[PDB]
Amino acid sequence: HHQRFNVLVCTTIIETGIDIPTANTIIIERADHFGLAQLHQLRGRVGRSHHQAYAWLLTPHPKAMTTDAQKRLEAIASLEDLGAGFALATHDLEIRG
DNA sequence: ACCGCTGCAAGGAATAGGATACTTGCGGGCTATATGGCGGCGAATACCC
């Protein structure tokens, strides 16, 4: 809240989100196993300000990726705009079933 | 000599992956209703006395 330290390493407790407008960038390390809902939620958790945020996504080797991980990543990359969570939920329907 | 604490299991949300019950086509193994040929002849009816 006082922003005395800049970057925080954390597990998925960050997912609920208490985002501060100061935070404007998220870098992940594991991109092979994460649900689309979590991906979009952590994407949109940033912001609450006028300043252009960012979402840097780090992936291990493409060949280490299973088919489903490729589908999730290509789907999340395909859509990037406001009002994207609901449509992504519609797509997740027929995916998770 | 009593207590609040740490810590160590039990039960919820997200992914990969083999086992294994289930379904199917077969291969061999078995059982069980006609219509263009005559001629001769002898027996068997039919007949009308």
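Residues numbered from 1 in each chain as written, not as in the entry; some residues may be left out. Chains lettered and ligands numbered in written order. Part of a larger assembly, values for the part shown. Heavy atoms only, no water.

Per the PDB entry, the recorded name for chain A is Transcription-repair-coupling factor, and the organism is Escherichia coli.

Q: For this particular structure, what's the right way to read the nonpolar core?
A: Nonpolar side chains in soluble globular proteins generally cluster together in the buried interior. Listed in full, the 6 residues of the largest apolar core are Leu36, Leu39, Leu73, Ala75, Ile76 and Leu88. Residue assignment for this core shows that the elements contributing at least two residues are α1 (36–44) and α2 (67–78). Leave out the neighbours within four places in its chain, and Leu88 touches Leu36, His40 and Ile76. (Core = buried A, V, L, I, M, F, W, Y, C linked by side-chain atoms within 4.5 Å. Buried < 20%, exposed > 50% of the residue type's maximum accessible area, 1.4 Å probe, protein only. Helix = DSSP H or I, 4+ residues; strand = E, 2+ residues; numbered from the N terminus. Contact = heavy atoms within 4.5 Å.)

Q: Sorry if this is basic, but what is going on with the protein's contact with DNA strand B here?
A: In the vicinity of DNA strand B, the residues found are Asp32, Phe34, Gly35, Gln38, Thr66, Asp68, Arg72 and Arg96. Of all DNA strand B atoms lying within 4 Å of any protein atom, the proportion belonging to sugar or phosphate reaches 100%. At 3.0 Å from a phosphate oxygen of DNA strand B is found a side-chain nitrogen or oxygen belonging to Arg96. Split into classes, the residues belonging to the surface near DNA strand B amount to 1 nonpolar, 3 polar and 4 charged. (Near = heavy atom within 4 Å. Polar contact = N/O pair within 3.5 Å; in protein donor to acceptor, adjacent residues only side chain to side chain. Nonpolar A, V, L, I, M, F, W, Y, C, P; charged D, E, K, R; others polar.)

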